[PDB]
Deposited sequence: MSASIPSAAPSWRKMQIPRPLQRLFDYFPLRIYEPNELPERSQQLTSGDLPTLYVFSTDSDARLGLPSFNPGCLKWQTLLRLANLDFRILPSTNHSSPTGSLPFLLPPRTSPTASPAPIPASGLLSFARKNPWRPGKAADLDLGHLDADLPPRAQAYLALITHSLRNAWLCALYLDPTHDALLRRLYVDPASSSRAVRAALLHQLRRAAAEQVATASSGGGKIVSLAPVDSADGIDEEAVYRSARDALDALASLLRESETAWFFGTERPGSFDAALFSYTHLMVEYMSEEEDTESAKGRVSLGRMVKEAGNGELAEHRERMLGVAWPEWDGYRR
């Protein structure tokens, strides 16, 4: 029955017009000639392409700048990510109503190799077995310190509110709800850590700062930075393992050392009222100061035009 009538269905529609134009909001945001990387940043930061304030997003933003990819960054949120978590890259529209598929975080480096503006093997080289052990310091020891000090410290409540929840909405009721979810999720991840966590109350995971041991997280970070400073001192060059160019390991460490110095180098936590050295102070005091100048050198390579990055 469909076969004889196919000579009739193919006739319609009788008139086909040009597509309707996209809304104004879509035209302003999604139209661009350069691939756009969506990260956690502010509208003023995104204008100059300055480093994002999220260490997970800053890791990939640094590598893409080392990969010599020409791109622009835009503020975004995890809800828009194809993998449910930032960052991700949208290549520019081929036509005003069509766009290629988004590039997740894992496929960013493959995208950069296809769009030279060259051998990018150093940015995704397989680390030596010893280097795998040290990478656990960055991904676990330093990450847990970042999460505990940012989300769970009342001292950084103003900063956390300004960075993450204030741009989300202007409603105080919605802001309070979003802030609680952020702290619940952050406390859950730190609770999984062996040092500052490992406590089990019931089947549900621990999701409060009460299940987190602040000293165990803080002490592990202080030990991690001293260890990383020792590893960097071993190399005869300015980068880890003697490489002549920064690699995936350097970008991974830089994503934490930069933000710790930027946002937590204040003299209020280091004051006797708290009795603990701030994260940004430990970064500059680690070893003889290798991690401080490594952060300076990494900025001089990926952001040569930028200045005023101390705090």
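_No C-alpha coordinates means not modelled. Give me those stretches of the deposited sequence in order._
Missing C-alpha atoms (numbering from 1) occur across the ranges 1 to 16, 134 to 140.
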